[PDB]
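Just one chain follows, in the form solved without the partner chain, and it is written as structure tokens.
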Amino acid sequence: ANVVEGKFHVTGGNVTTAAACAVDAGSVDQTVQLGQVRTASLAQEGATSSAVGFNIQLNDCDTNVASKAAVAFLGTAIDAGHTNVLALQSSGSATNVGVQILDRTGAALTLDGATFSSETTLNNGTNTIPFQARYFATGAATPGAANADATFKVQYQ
């Protein structure tokens, strides 16, 4: 079967050395398995794969410093018409498919480093901000490796 298969590698941390929370060491460098998806499921612009979850955990939060956190992601957009779809790493790579990062509301986030996820209202101590990643077809996907990379920054308000 013709499939696209790959992983989403994400690294990141706080914008500022002096932040309301610490980013958990398990969250600052993660690799998310996107799975193997048949190109017949990605044969048309706007087709998407089943999303895979990944979390960003924040520790030791002090809500006297900030009551909310949000995350912005940076990565190469697959093309000017899909600024919320990551380009793939070129390594036998798939084409006409990229990777989207969704926040807890299901919105695919723009990948320009300035577009923040929906805000998470913090409790003191540990808080998790959930995300999902998935494949997004920009056309008739072709089989091959489909890895993507992005970086994130946590901002507080």
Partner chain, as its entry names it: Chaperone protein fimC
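Rigid core: the largest C-alpha set superposing within 1.5 Å between the two forms. Numbering follows the first chain given and starts at 1.
Judged by the one-third criterion across other entries of this protein, residue 38, modelled here, is also modelled in every one of those that cover both its neighbours. Not even a third of the other compared entries skip residue 130; each one keeps it along with the residues on either side.
The stretch of deposited sequence separating residue 91 from residue 92 contains 1 to 3 residues lacking coordinates in this entry.
Look at the mean CA B-factor for 102-110 and for 37-45 in the entry; the higher one is 37-45.
As the entry records it, the average C-alpha temperature factor is higher for 93-101, out of 93-101 and 63-71. The entry lists C-alpha B-factors for 10, 25, 141, 20, and the highest of these is at 141. Per the deposited record, the Cα B-factor of residue 50 falls in the highest third when ranked against the other modelled residues of its chain.
Unshown form deposited with the partner chain bound; subsequent notes refer to it.
In the entry with it bound, at least one heavy atom of residue 56 sits within 4.5 Å of a heavy atom of the partner chain. Contact annotation for residue 32: at least one heavy atom lies within 4.5 Å of the partner chain in the entry with it bound. After superposing the rigid core, the Cα of residue 59 is displaced by 2 Å or more between the shown form and the other one. Residue 111 shows a C-alpha shift below 2 Å between the shown form and the other one [criterion: core-superposed Cα displacement of 2 Å]. Once the cores line up, the CA of residue 27 ends up 2 angstroms or more apart between the shown form and the other one. Shown here is a form in which the CA atoms of residue 25 and residue 55 lie at least 3 Å farther apart than they do in the entry with it bound.
Pairwise change in the entry with it bound: residue 27 and residue 83 C-alpha atoms lie farther apart than in the shown form, at least 3 Å.
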